[PDB]
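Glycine gets a Cβ as well: all are built from the backbone with ideal geometry, and neighbour counts include every protein chain shown. Since every read-out is calculated from the coordinates, none of them should be taken as a lab result.
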Amino acid sequence: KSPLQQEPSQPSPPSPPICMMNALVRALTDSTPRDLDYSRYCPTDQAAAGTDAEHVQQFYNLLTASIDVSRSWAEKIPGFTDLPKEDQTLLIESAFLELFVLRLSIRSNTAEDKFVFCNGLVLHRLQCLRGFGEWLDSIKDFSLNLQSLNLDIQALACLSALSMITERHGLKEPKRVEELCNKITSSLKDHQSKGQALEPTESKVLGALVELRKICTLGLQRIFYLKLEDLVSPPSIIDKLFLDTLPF
């Protein structure tokens, strides 16, 4: 009598408003040290006296703390949990080095040649030169460029989420990760329109994004040689990350 065909053409009322930008910023502000720790901070530190083995030990200890902080950072993000369990794990492991570098560069001061970690620990430049070496130096150069961009708090919050969220390879539903990426870009996009220019600085971000990626692969390269040496052998979590992640 009355058959149905074609699309329903339902307007579909808009979803209720969400403070997406605020949530990202809130998480970003809490994951920063206040007390600060300069007990081991020194103006001069030459690579010597167990430089390799001791520094390598320091390297994993810092990352172990960094990844837990990164996890909490991801956990604070709204809609992060909604993604499959495996997706959330894949995103964290792949983006752990990127988040550490990105967050470290923002917090660090290139003019002062000092690096401030999310734990408040400061390793100047030479202190991390023992292992990172030229790898650290690249981060300092990257940080200077990043500072030039400025990137407000809200803009920065979306970008850190953007770095964390991206299509990998054996992803759970590429679209789950992409869905979240679009969500971050939605908040971010309105942020870029807030300024008088109304021009998105994403293109500038992508140029620094490639450089950021170079650091991510550089981190893998440095540790690859150190692991062959096996000065102290990486922890299960960090070694797991290396094997789980791929250079491609």
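In sequence order, the range 127-140 has phi-based couplings of 4, 8, 4, 4, x, 4, x, 4, 5, 5, 4, 4, 4, 4 Hz under the Karplus curve 6.51 cos²θ - 1.76 cosθ + 1.60, θ = phi - 60°, and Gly or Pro positions carry x.
Between the amide H of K114 and those of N109, distances stay under 5 Å, these residues lying 5 or more places away or on another chain, with hydrogens modeled in the peptide plane.
Counting every Cα pair in the range 121-248, what percent are over 23 Å apart? Summing the P(r) of the range 121-248 above 23 Å gives 47 percent of all pairs. In this Cβ point-charge picture (+1 for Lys and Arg, -1 for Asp and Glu), the chain has a dipole of about 460 debye about its Cα centre. At the listed q of 0.07 Å⁻¹, the Debye profile of the chain, built from one uniform point per Cα, gives log10 I(q)/I(0) equal to -0.28. Note the angle between two axes, namely the Cα long axis of helix 202-229 and the longest principal axis of the Cα atoms of the chain, as a number of degrees from 0 to 90, rounded to the nearest 10. Tilt relative to the chain: about 40 degrees. Start at zero, step by 5 Å, and the Cα-Cα distances of the range 41-128 spread as 3, 12, 20, 21, 16, 11, 7, 5, 3, 1 percent across the bins.
Provide the convex hull volume over Cα atoms per residue for the range 46-89, in Å³.
Cα convex hull per residue, to the nearest whole number: 78 Å³.
Using the Karplus relation 6.51 cos²θ - 1.76 cosθ + 1.60 with θ = phi - 60°, the per-residue 3J(HN,Hα) values for the range 179-192 come to 4, 5, 4, 4, 4, 5, 5, 5, 4, 4, 4, 5, 4, 5 Hz, with x marking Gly and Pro. Between the helical axis of 20-30 and the longest alpha-carbon principal axis of the chain there is an angle of about 20 degrees. Of the residues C42, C118, the one with the fewest other Cβ atoms within 10 Å heads the list, and the complete ranking is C42, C118. Counting every other Cβ atom within 10 Å of each residue's Cβ, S187, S31, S148 order from fewest to most as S148, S31, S187.
For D37, the residues whose amide H sits under 5 Å from its own are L121, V122, ignoring neighbours fewer than 5 places away on the same chain, with H placed 1.01 Å from N. Taking amide H atoms as placed 1.01 Å from N in the peptide plane, the amide H of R125 has no partner under 5 Å among residues 5 or more positions away or on other chains. Counting other Cβ atoms within 10 Å as a rough exposure proxy, the listed residues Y41, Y60, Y225 run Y225, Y41, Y60 from fewest neighbours to most. In the chain, taking the dipole from charged Cβ atoms about the Cα centre, the farthest positive-side position among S108, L149, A49 is held by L149. Applying Stokes-Einstein at 4 °C and 1.567 mPa s to the Kirkwood radius of the range 80-172, computed over alpha-carbon pairs, gives a translational diffusion coefficient of 89 µm² s⁻¹. Net charge dipole, the range 1-136: roughly 380 debye, given to the nearest 20, about the Cα centre with Cβ charges of +1 for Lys and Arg and -1 for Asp and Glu.
Taking the inverse of the mean 1/r over every pair of distinct Cα atoms in the range 4-73 gives a Kirkwood hydrodynamic radius of 17.6 Å.
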